[PDB]
Amino acid sequence: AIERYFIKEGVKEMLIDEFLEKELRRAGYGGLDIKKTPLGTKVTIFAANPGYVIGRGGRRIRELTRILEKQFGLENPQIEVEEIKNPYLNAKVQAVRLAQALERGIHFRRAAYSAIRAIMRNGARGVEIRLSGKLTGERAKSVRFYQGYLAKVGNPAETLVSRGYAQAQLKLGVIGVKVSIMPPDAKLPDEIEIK
Amino acid sequence: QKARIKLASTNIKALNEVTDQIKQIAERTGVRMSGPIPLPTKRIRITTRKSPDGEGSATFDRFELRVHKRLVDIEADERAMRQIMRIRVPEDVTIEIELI
Amino acid sequence: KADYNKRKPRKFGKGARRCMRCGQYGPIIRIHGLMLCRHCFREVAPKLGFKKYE
Amino acid sequence: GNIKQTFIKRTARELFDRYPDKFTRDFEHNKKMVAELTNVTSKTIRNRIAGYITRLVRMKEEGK
RNA sequence: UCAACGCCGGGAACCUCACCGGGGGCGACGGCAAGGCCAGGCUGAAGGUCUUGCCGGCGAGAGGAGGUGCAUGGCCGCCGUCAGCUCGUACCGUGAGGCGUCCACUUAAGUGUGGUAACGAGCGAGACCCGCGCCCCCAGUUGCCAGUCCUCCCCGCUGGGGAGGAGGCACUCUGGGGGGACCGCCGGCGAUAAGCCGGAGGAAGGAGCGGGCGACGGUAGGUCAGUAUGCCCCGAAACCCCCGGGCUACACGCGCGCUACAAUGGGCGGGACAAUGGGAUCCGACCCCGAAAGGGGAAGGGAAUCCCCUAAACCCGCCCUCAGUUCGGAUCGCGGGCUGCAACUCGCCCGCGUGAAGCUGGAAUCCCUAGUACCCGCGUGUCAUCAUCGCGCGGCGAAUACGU
Ligand SMILES: [Zn+2]
C-alpha cells in the first residue's frame, strides 16, 4: 500500500547504511543518500577521504556496486562520492576518530582534549565527550569532558544537537565513546534580542 | 476529460510545494481546478517494552509515524498534462495520477 | 553428505521468521511489513522516521 | 505557581527603561508594542511580558 | 521485600530449544584423488553403511542459547519529574574542607523578592514538543444532504411519511493557518516588593486539562539466553541437521486474576444506541446447502469509496418467589467438525446427558479526587490454529475532602 513502501525504503537504506558504516571505517563515513530514477538508482556516499573509497587501482568501486547488486538488489545502480567540508561538527566521524586513536595507543585524556580543542577552533558553542570502560585497570569507570552550552533535555536536545557513539576494541576489551556537539547557528527559545 | 492526482508524504512542506506549483501552473493557463483536498492522516503506532530483559517495572515506548495525504483534480486540458508531468518532485513524496 | 547439514523449510510456526538485522527467532515485529525484533526496532526507529509525540 | 521568571523580568525592565514612550496602562496596546519590538514565536511569553509592563507602569505613575 | 512470581513481550504440538534417547555430516590456509548414483539387505527411515557395478579427473582456524553481568560496552529499573549538582575569581581556615548554595516572606520548584564575605556563570526546573476543548479564514472528494426541482411507494378522518436521481457544501466532518487567558481589570494582607485571597468579567481560569523529554552520580541492582565484545573452555565435540520424547509430570505452600455463591436476580420473546484500529492467496458483502459448529460459489476493496461492525450493560412482557433452587457451573461419557506434513502424550469449537465445592468471608491488607473510580462489552499485539494476559477504545456514571 503506502506504509509498506515507506517502511521498506527505510529498512533497506538503513541496512545499507550499517553495512557501509562497518566496511568503510577508515575513510570516514558520515552518511548516505539513495535517489530513485528511471535512469537507474543513484547512491551518494559522504566521507572525508574519498580516495580510500575510490580505490585508485579499482577493486573497490566495483566491489561496491556489484555487492549492492548481489545482495541488496538495487536497480542497476551507480554511486557518487561526495566530501564533507567542516567535518569537525559531525559527531560520528569524530567518535570513530577518537576510537581509532585509542586503538593506536594515545592516552584518553590527551586525545579527548585534542578533539575538544579541534572542535572549538572551528565553530561550536558546546561539546560534551564521554568515555566508559576499563580505562584504568580492571574496575571499569566512566569519564566526562565538556565545554560550552548544551541542551540535554527538551525538544532542542533532539533537533539542534548532533550526537554520535562508537566502540574501541583494545587488547583487553571494549570502550564506549559518546560525543555531542552544538553547532554555532543554534538558538534557544529563551535567547531573545531587543530591536 | 479529468485527471486526479494523489499525494502522500511524511512532510507537509513538500506537499505544499507541489500544491502551489500545480495550482500556479493551472492558474496562469486557463483550466478549472479542484482542491487541494485533505484526506485524513494515517498514523502507524507501535508500543514496545524498553527493557531487553524481564526484571524491572514495565515502562513502554510509543512510537508514531504520521502520514499526510492530499487529493486534486485538474481537468487534463491539452497542455496541462504535459506541463504538469514536467515537475521537480522531492523523493520523500509519493505522487500518482489517474485519468477518469 | 551435503543434505544432512541444512534445514527443512518452514512455511509457518516460529522458525519461519528471523530478524533481518541480528537473526533472532522469537520476538519479531510484523506490523505493516516490518521484520525486526523488539530490540533492533527500538534502536533503528528514529532513523526510520518515528517520533515520541505522546 | 503564578511566578515570573528572571529573564522575562529582565527583558521587560529593559524594554521599559528604554523605549518608554510607547507603553500605557492597557494590555492589548502593550501586546502590540512587544510584538513590534521583539523577535518572538510564542504568545504566553509575550502576554506575561505585557502584563508585567502594565504592572510596572501602573505603579510607576505612583512612584514606589 | 517495595524494585522476583499473566515478568524475560515466555499463549512452547514439529521448528522455537538451550533439556533427554538414537542416527548421520563439518578440517579455510599452510607442510611429509576427493566426491556421486539404479536395485536390494543393516536400519525408526535413509548410496549413512556395506552386496553388485558404473560415473567423476601432526599444527591453526570456522563455529558456540557453553562459564564469568563481581572483566566491559549499550539498554532498562529504584532513590526521583525529587530539586538538587557544580565553576571562575576573591576571602576565612596549618589542613581536610567551608562561603557563595545562609536568614525572613514566597512558589510545584537552589521558583522568586529583600538583607548579608561575596560578585558573578553553567548543567537540571521552567522554557520546548504533542493532543482535547470555543471563535475566524481558505478548502470541498472517496466525506455530508437542510432548502431546491423531477420521478416512485404506502397510509385514517387528506393532511402528513419514506426511497432513487440530478444538483449543491449550507449543517456535520476532515486538515492547514490564525486569534483567545495575562492575576489583565476590581477591594483586602503582606512591606509601599514578591504573591496569596476574595469578588467582577468571561466557551475556559488561576503553570486551563492529559501526556512526552528525565540532570552531576550512586545502586559491584537486571541483561554475555537480543546484537557487539575480552580470558578460560569444546574443536571432532559442548559445532551443524534430521526423527521421536520433555518444558503440560503432582501428597502440598504462595502471588495475580476469572467465575460465583442470588431478587440491587436466572430464563424465554421482543425493542434500541458506539469508538478506537486492521485487511493479498488477506477482509470477504449477497445467494445456496447443514439443527449448530461449519461447507461450496462469489461482487467489491491495495484503505474518508468495500469489508471486519445492527457491541454489551439498558427498556418492555411472561415464568421462577428466598430454596443447594429454574442459583452455581467444575468434572466425566457417546457423537459431529475446523487449522495443520503430523492433534494419544498435548490443540481450539458444537450438540445431548452427569451435576462438585460455594449460603458474604478471622487476623490482616490493596486501588482510587471528575468524565475520575465501580460496573459493560470492543478492535489490536502475539497468531497456520488457540486470549481468563499486555497496550488502547468507547457506553453508563457517582461518594467525600479542599485538610494534617
Ligand atoms: Zn534484531
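Residues numbered from 1 in each chain as written, not as in the entry; some residues may be left out. Chains lettered and ligands numbered in written order. Part of a larger assembly, values for the part shown. Heavy atoms only, no water. Residues with missing side-chain atoms left out of burial classes, pairs and counts.

Judging from the entry metadata, cryo-EM is the method by which this structure was determined, and 2.95 Å is the reported resolution.

**Q** Tell me about the interface of chain A and chain D, and please be specific about residues and values.
**A** Every contact between the two is made by 5 residues of chain A and, on the other side, 9 residues of chain D. In this assembly, chain A packs against chain D so that about 730 Å² is buried in total across both faces, 63% of it on carbon and sulfur atoms. Among the residues chain A hides against chain D, the three largest losses belong to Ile-192, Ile-194 and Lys-195 of chain A. Together they make up 76% of the total. Linking chain A to chain D there are 0 salt bridges. On the surface where chain A and chain D come into contact, there are 2 residue pairs in polar contact. A per-class count over the side of chain A that touches chain D returns 2 nonpolar, no polar and 3 charged. (Contact = heavy atoms within 4.5 Å. Buried area = accessible area lost by both parts, 1.4 Å probe. Salt bridge = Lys/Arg side-chain N within 4 Å of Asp/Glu carboxyl O. Polar contact = N/O pair within 3.5 Å; in protein donor to acceptor, adjacent residues only side chain to side chain. Nonpolar A, V, L, I, M, F, W, Y, C, P; charged D, E, K, R; others polar.)

**Q** Report on unusual backbone geometry, specifying residues and quantitative values.
**A** The omega torsion of the bond from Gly-35 of chain B to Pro-36 of chain B falls at 0°, within 30 degrees of zero and hence cis. Here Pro-36 of chain B shows up in strand 2 (residues 34-49). Of note in this structure, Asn-86 of chain A is not a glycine but carries a positive phi near 60°. Within the secondary structure, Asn-86 of chain A sits in the loop between strand 3 (78-81) and helix 4 (91-104). With a phi angle near 65°, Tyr-53 of chain C is a residue other than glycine that sits in the positive phi range. Relative to the elements of secondary structure, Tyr-53 of chain C occurs in the segment after helix 1 (38-48). (Helix = DSSP H or I, 4+ residues; strand = E, 2+ residues; numbered from the N terminus.)

**Q** Please provide a residue-by-residue account of the arrangement of the chains, values included.
**A** Among 4 pairs of chains with at least one contact, chains B and C form the most extensive contact set. With no contact formed, the shortest span from any C-alpha in chain B to any C-alpha in chain D equals 19 Å. At no point do chain C and chain D touch; the closest pair of C-alpha atoms across them sits 20 Å apart.

**Q** Lay out the protein's contact with RNA strand E in plain terms, naming residues and giving numbers.
**A** Taken together, 106 residues sit near RNA strand E, with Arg-4 and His-68 of chain B together with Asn-5, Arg-7 and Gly-15 of chain C positioned nearest. When atoms of RNA strand E within 4 Å of the protein are sorted by moiety, sugar and phosphate together comprise 77%. Here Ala-140 of chain A contributes a backbone N or O atom positioned 3.1 Å from a phosphate oxygen of RNA strand E. Per-element accounting of the surface near RNA strand E gives the leading share, 12 residues, to strand 2 of chain B. (Near = heavy atom within 4 Å.)

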